[PDB]
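*Asks:* So the protein lines, in turn, are chains YY, QQ, WW, LL, 33, OO and 88.
Sequential numbering of the first sequence, starting at 60, is according to the authors' numbering.
Sequential numbering of the second sequence, starting at 2, is according to the authors' numbering.
Sequential numbering of the third sequence, starting at 72, is according to the authors' numbering.
Sequential numbering of the fourth sequence, starting at 2, is according to the authors' numbering.
Sequential numbering of the fifth sequence, starting at 17, is according to the authors' numbering.
Sequential numbering of the sixth sequence, starting at 85, is according to the authors' numbering.
Sequential numbering of the seventh sequence, starting at 38, is according to the authors' numbering.
Heads up, the beta-carbon is just placed ideally off N, CA and C, and yes, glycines get one too.
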Amino acid sequence: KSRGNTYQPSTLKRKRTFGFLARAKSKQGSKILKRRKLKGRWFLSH
Amino acid sequence: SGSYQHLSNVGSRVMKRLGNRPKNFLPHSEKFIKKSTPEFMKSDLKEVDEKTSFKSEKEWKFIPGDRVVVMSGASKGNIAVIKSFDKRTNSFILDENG
Amino acid sequence: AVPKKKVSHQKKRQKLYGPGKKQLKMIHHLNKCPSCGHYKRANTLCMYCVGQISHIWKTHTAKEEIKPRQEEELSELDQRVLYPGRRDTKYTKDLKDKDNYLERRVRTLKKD
Amino acid sequence: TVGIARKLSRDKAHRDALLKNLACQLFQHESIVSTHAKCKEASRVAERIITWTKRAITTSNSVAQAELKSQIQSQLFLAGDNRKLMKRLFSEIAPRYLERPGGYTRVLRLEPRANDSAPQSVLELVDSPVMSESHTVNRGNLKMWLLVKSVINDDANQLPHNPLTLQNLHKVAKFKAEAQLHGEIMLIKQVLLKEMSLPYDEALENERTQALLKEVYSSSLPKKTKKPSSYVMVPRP
Amino acid sequence: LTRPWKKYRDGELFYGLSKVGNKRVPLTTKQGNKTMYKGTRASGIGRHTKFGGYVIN
Amino acid sequence: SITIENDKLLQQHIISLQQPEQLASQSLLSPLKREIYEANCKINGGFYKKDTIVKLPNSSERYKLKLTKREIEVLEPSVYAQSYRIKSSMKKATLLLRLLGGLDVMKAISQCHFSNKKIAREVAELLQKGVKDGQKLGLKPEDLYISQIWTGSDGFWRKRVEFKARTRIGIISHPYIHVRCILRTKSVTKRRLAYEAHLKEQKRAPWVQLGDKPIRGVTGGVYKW
Amino acid sequence: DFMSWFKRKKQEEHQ
RNA sequence: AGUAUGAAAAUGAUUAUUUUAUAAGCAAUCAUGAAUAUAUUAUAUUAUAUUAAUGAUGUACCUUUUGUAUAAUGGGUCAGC
RNA sequence: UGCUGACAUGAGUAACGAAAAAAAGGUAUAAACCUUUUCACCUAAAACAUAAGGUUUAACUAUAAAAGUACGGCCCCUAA
RNA sequence: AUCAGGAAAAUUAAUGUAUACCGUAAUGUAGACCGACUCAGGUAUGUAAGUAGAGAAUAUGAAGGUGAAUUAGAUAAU
RNA sequence: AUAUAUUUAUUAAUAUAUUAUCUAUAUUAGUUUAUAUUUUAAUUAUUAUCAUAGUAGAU
Ligand SMILES: [Mg+2]
Ligand SMILES: [Mg+2]
Ligand SMILES: [Mg+2]
Ligand SMILES: [Mg+2]
Ligand SMILES: [Mg+2]
Ligand SMILES: [Mg+2]
Ligand SMILES: [Mg+2]
Ligand SMILES: [Mg+2]
Ligand SMILES: [Mg+2]
Ligand SMILES: [Mg+2]
Ligand SMILES: [Mg+2]
Ligand SMILES: [Mg+2]
Ligand SMILES: [Mg+2]
Ligand SMILES: [Mg+2]
Ligand SMILES: [Mg+2]
Ligand SMILES: [Mg+2]
Ligand SMILES: [Mg+2]
Ligand SMILES: [Mg+2]
Ligand SMILES: [Mg+2]
Ligand SMILES: [Mg+2]
Ligand SMILES: [Mg+2]
Ligand SMILES: [Mg+2]
Ligand SMILES: [Mg+2]
Ligand SMILES: [Mg+2]
Ligand SMILES: [Mg+2]
Ligand SMILES: [Mg+2]
Ligand SMILES: [Mg+2]
Ligand SMILES: [Mg+2]
Ligand SMILES: [Mg+2]
Ligand SMILES: [Mg+2]
Ligand SMILES: [Mg+2]
Ligand SMILES: [Mg+2]
Ligand SMILES: [Mg+2]
Ligand SMILES: [Mg+2]
Ligand SMILES: [Mg+2]
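#1: In or out: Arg82 (chain YY) buried (at least 16 other Cβ within 10 Å) or exposed?
#2: Considering only the alpha carbon of each residue, which of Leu222 (chain LL), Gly81 (chain LL), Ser220 (chain LL) and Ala6 (chain LL) lies closest to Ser44 (chain LL)?
#3: Distance check for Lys175 (chain OO) and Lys82 (chain WW), CA to CA, integer angstroms please.
#4: Contact between the stretch 241-249 of chain OO and the stretch 271-280 of chain OO is defined here as three or more beta-carbon pairs at a separation below 8 Å; is this criterion met?
#5: For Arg140 (chain LL), return the contacting residues in chain WW, with the cut-off set at a CB-CB distance below 8 Å.
#6: So with CB distances below 7 Å, who are the chain 88 contacts of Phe41 (chain QQ)?
#7: Going by DSSP, what residues sit across from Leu267 (chain OO) in a beta bridge?
#8: Could you please give the first and the last residue of the uninterrupted beta strand (DSSP E) stretch that includes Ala81 (chain QQ)?
#9: For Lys182 (chain WW), collect the residues of the same chain with a Cβ closer than 7 Å to its Cβ; drop the 5 residues on either side in sequence, then sort them by chain order.
#10: Under 7 Å between beta-carbons, which chain OO residues line up against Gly27 (chain 33)? List them in chain order, please.
#11: Pull up the CB-CB distance for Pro65 (chain QQ) and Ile80 (chain QQ), whole angstroms please, since I reckon it's below 8 Å.
#12: Report the option in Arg19 (chain 33), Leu43 (chain 33) and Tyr53 (chain 33) whose CA atom is closest to the CA atom of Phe30 (chain 33).
#13: My guess is that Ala123 (chain OO) and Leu140 (chain OO) are in contact by the Cβ rule of under 8 Å, so how many angstroms apart are they, rounded?
#14: So with Cβ pairs under 9 Å, would you call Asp45 (chain QQ) a contact of chain 88?
#15: Give me, in chain order, the residues of the same chain whose beta-carbon lies closer than 6 Å to that of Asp217 (chain OO); leave out the 5 immediate sequence neighbours on both sides.
#16: I need the DSSP call for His109 (chain WW), collapsed to helix, strand or coil.
#17: Tell me which residues share the same chain as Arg112 (chain WW) and place their Cβ nearer than 7 Å to its Cβ, disregarding the 5 neighbours each side in the sequence.
#18: Shortest alpha-carbon distance to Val121 (chain WW) belongs to which of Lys55 (chain LL), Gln66 (chain LL), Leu111 (chain LL) and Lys228 (chain LL)?
#19: Taking Cβ-Cβ distances shorter than 8 Å, what residues in chain 33 pair up with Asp165 (chain WW)?
#20: Checking contacts by CB at 9 Å: is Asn83 (chain LL) closer than that to chain WW?
#21: Kindly indicate which three-state DSSP category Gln76 (chain LL) falls into: helix, strand or coil?
#22: Tell me where the beta strand (DSSP E) around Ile193 (chain OO) begins and ends.
#23: If we cut at 9 Å on Cβ distances, does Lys190 (chain LL) have a partner in chain WW?
#24: Considering only their Cβ atoms, is the gap separating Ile203 (chain OO) from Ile170 (chain OO) smaller than 9 Å?
#25: With DSSP as the reference, label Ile261 (chain OO) as helix, strand or coil.
#26: Quick one: which unbroken alpha helix (DSSP H) runs of 4-plus residues sit fully inside the stretch 128-159 of chain LL? Chain order, please.
#27: Note down the Cα distance separating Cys125 (chain OO) from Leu223 (chain OO), rounded to an integer number of angstroms.
#28: Could you name the residues of the stretch 102-131 of chain LL whose beta carbon sits closer than 8 Å to any beta carbon of chain WW, in the order they occur along the chain?
#29: Looking at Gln195 (chain OO): is its Cβ nearer than 9 Å to the Cβ of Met97 (chain WW)?
#30: Assign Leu148 (chain LL) to buried or exposed, taking buried as 16 or more other Cβ atoms, counted over all protein chains shown, within 10 Å of its Cβ.
#31: Closer than 7 Å by C-beta to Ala192 (chain OO): which residues in its own chain qualify, once you throw out the five before and the five after it? Chain order, please.
#32: Per DSSP, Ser63 (chain LL) forms a beta bridge with which residues?
#33: For a cutoff of 9 Å on Cβ pairs, would you count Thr51 (chain 33) as touching chain YY?
#34: Quick check on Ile203 (chain OO) - is its C-beta less than 9 Å from some C-beta in chain WW?
#35: Per DSSP, which one or two residues make a beta bridge with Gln121 (chain LL)?
#36: Classify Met145 (chain LL) as buried or exposed, calling it buried when 16 or more other Cβ atoms lie within 10 Å of its own Cβ.
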């Protein structure tokens, strides 16, 4: 069938997988946040 | 103008960026502000910020209510009494003789 | 298909403005309205006069507006306490501003 | 299916309903405005209906009367504001044309609409009443209103009336009586003068209308003179 | 016609100014599944009950 | 009450922030040159001519003004009209501006009134404003005619993306233009042009059957006859 | 500013 | 993505001079009439500039090739890099 | 098939995306907005009441009202 | 019938209850979400008048909602 | 049943005109109908729309 609609929004999954805690509660996510801070990004995670 | 913005401090980062514009780009905003106000509203002096505004009497060499002579202008040689400060361009406003 | 070279200024201008069918025609068929000496189109009516007669019809056949008694005999304080004001959104503000997207017809010239 | 009537880019049902509605609205009101093609089609339909009702009144054959009445009903939407249209037709509209042989309507052209340049026109019934039970203007008779306005204009400018104005007056007067036409002209003059902000003198306008209608209804063959007719009608040698 | 003063397609949206934007802004009470509860620091008053109620301290 | 038009001081303020309402001959010439030019035109029938010793009133001195054709064109009465930001294209404006070529302003206004094109309303408004402008300048509207009329892009056209099918793309521009006009007088410009055309006609050489057509080609250094 | 001048002129007129 | 200025080109409309509705191809060079414009030594039988009367000659430019007008490659145009 | 910017040609060409609309009045302002009537279309929906989602887009700033018995969440309890 | 069918938090007495917080608009076979578009695509539930039928098929349509950023003519070849 | 006009010191029969043929209870929980009860709440002639032009015989 047709393609293009790969993003199916759901706040629960959005926050659980790309939220701030989802990254601050691990080694790798903490590194992502730290790298984004160093680059100076305004928005670290959803 | 219905905003409710006067009740909360939202978008602090953006507000600070707008309020702390770099000094070297100030003419960019000065141009739009000037060209977007009527003649009876605008003044021919550069708006100043806090770090250079005169905040003390010693900085304000003159205080409203004292006679002064005006020169280098259309009213050169006229004696007038400064009616008040400006607080926006660090200037004075005289009486009708000015 | 697809053009093979950019068409010259000459070719484009002669293709568009060359032929006489593509050219607007001087309107010769104008004459004088009998009800008013102004210009009008031949075998056509005059809009000023037609609209004037229609306006007369409107003023003489308009249905009386409906003003309910309970409302027309209601005090200003009660009107204020029952039917307070409200803020109009940008859409309704623009919609109410009507003289910026509606044009009235323009009177023609007096033919002498 | 080709050559009978305009299609108007509409299916059969939608076209027929459109024409029914246009005819019903023309009967309900007295003059309506719409695109030229729709005006022409609705004119055809309305004139056919008026002819059927005239026949229904005139015939003495009960079968024909009943069938004609049924057909008249068949071509109408008797609902809403037009629920008593059948009675209105048989009581008011049909009697107006008991002696006119066709041509119950007229289509007058108007400048195209600015939005899309679609030609516009006024579809109107001939010889509509100008006054109501209370002697106030009714809708319709736009042609009479324009004719009387032209007469006022000529009177104000102190110029003789035009041949076409007089011809149109003659056309209207053909199916009307002197006194009733006089009264209609007087009321129209009153309203038009009050609108145009010109003084209205009852005696002077009486005299002017009387002279105009005398010229209309009188007999006088000399219409000034024609050209010396550079061609002769000599017989064959 | 959505807006009677625009007869032709010019880029204006059904509503608003832009269809896109930042989505990493903090959440609030109006957004989330029925299970989402953020709160407004307005009630630390008492104890929830084992059944669902709430007893004020 | 008081209105803008009634307020006299306000109008003088407006005309101070712009230039005074007066014709080119009155605005661009020194007083003496103006007197010489006006007297020359009066003696010559309403327009300048190359060589005519002009006599100045209440004085015994005579002059002979000398001008370039640019000066001749610019000193004759004329009115300049500009439109506002019109939503259309140059290709659309030209269709009507080529009809309104050199017509009298009244005729052009009628044509715009009875045209089928959306641009006609704005063009007619501009022409009526120009007629009023000429009346203010001192010109009779029955004398004005459309010497020049043209259209130009007004700038800052807005571009937008068009999303075709199968990933394909396009760019849609929303063009705005402006229409400008220069109206002149049949009693000065056209008469002067007729005079010049008459002079050219009188200057035109006659056709001689056995004309002295020059023998083209170099001589060669020898007699060929 | 013009605001202050206008205000004090209103007050002066009232006085 | 500073400010001011901006007769920079590509591009559009209009006007002016000139040629053009029996004539056929890189649109140019030379030969040669004619119209127009300017010229404070045109004394003129003058000079210069603009312009498809007419005649002759003339197979875009780079790249890559033994070799290209080639119907082999690259280029819608201009400004900046 | 250099990069960016501006502007051209195709060209005022193709298109304007399943569709019923007509008068009178608001308004001598209207095909496109509002009202009334006529006509149609969806009707185990193009209706009603909701979940998720979303630039509040709504009948809006004077704005979406809960002790619970048809109130959900919150809270107790746990599955993956 | 076999295809053998979730986990987890215990009663009477005596006092006791001033009842916190958050959702609530509209859209939701869509112009208000996912599809670069006011995209004929994708998108979870319940009710879904009556007549007729075995039926939630098919015809109608009582209430409700709607009739659309394109219009008016013409209807050649195709 | 309303509105204009009377047959006595609201109103009866007419001239007509306008509007309507409803609602509400019972028959064990809900929806439909069916019949009772309540109410003025009707049975003949034409017409139209929708179903591929709804359908078949012509033209
Ligand atoms: Mg994507
Ligand atoms: Mg996951
Ligand atoms: Mg069509
Ligand atoms: Mg038929
Ligand atoms: Mg979206
Ligand atoms: Mg939500
Ligand atoms: Mg610019
Ligand atoms: Mg497409
Ligand atoms: Mg383009
Ligand atoms: Mg020739
Ligand atoms: Mg050729
Ligand atoms: Mg090779
Ligand atoms: Mg070769
Ligand atoms: Mg080739
Ligand atoms: Mg090549
Ligand atoms: Mg190429
Ligand atoms: Mg084409
Ligand atoms: Mg075509
Ligand atoms: Mg097309
Ligand atoms: Mg209207
Ligand atoms: Mg179905
Ligand atoms: Mg059903
Ligand atoms: Mg809904
Ligand atoms: Mg609750
Ligand atoms: Mg909701
Ligand atoms: Mg709700
Ligand atoms: Mg796609
Ligand atoms: Mg869709
Ligand atoms: Mg069905
Ligand atoms: Mg219905
Ligand atoms: Mg809906
Ligand atoms: Mg559409
Ligand atoms: Mg067709
Ligand atoms: Mg249907
Ligand atoms: Mg059908």
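*Replies:* Well, looking at it:
#1: buried
#2: Ranking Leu222 (chain LL), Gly81 (chain LL), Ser220 (chain LL) and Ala6 (chain LL) by Cα distance to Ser44 (chain LL) puts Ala6 (chain LL) first.
#3: 15 Å
#4: no
#5: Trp128 and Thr132
#6: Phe39
#7: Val163 (chain OO) and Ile230 (chain OO)
#8: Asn79 to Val82
#9: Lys103, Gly108, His109 and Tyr110
#10: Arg244
#11: Actually they do not touch by this definition, with Cβ atoms about 15 Å apart.
#12: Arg19 (chain 33)
#13: 6 Å
#14: no
#15: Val163
#16: strand
#17: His100 and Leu101
#18: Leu111 (chain LL)
#19: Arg19 and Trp21
#20: no
#21: coil
#22: That residue, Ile193 (chain OO), is in no beta strand (DSSP E); its alpha helix (DSSP H) goes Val189 to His197.
#23: no
#24: Cβ distance < 9 Å, so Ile170 (chain OO) and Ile203 (chain OO) count as in contact.
#25: Per DSSP, reduced to three states, the secondary structure at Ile261 (chain OO) is strand.
#26: 143-158
#27: 16 Å
#28: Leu109, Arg110, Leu111, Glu112, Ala115 and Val123
#29: Yes; because the gap between Cβ atoms is below 9 Å, this pair is in contact.
#30: Buried is the call here.
#31: So the qualifying residues of the chain are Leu184, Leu211 and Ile230.
#32: In the DSSP output, where bridge partners are listed per residue, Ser63 (chain LL) has none listed.
#33: Cβ-Cβ to chain YY under 9 Å: yes for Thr51 (chain 33).
#34: False, the Cβ-Cβ gap to chain WW never drops below 9 Å.
#35: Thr36 (chain LL) and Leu111 (chain LL)
#36: By the neighbour-count definition (other C-beta atoms within 10 Å, threshold 16), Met145 (chain LL) is a buried residue.
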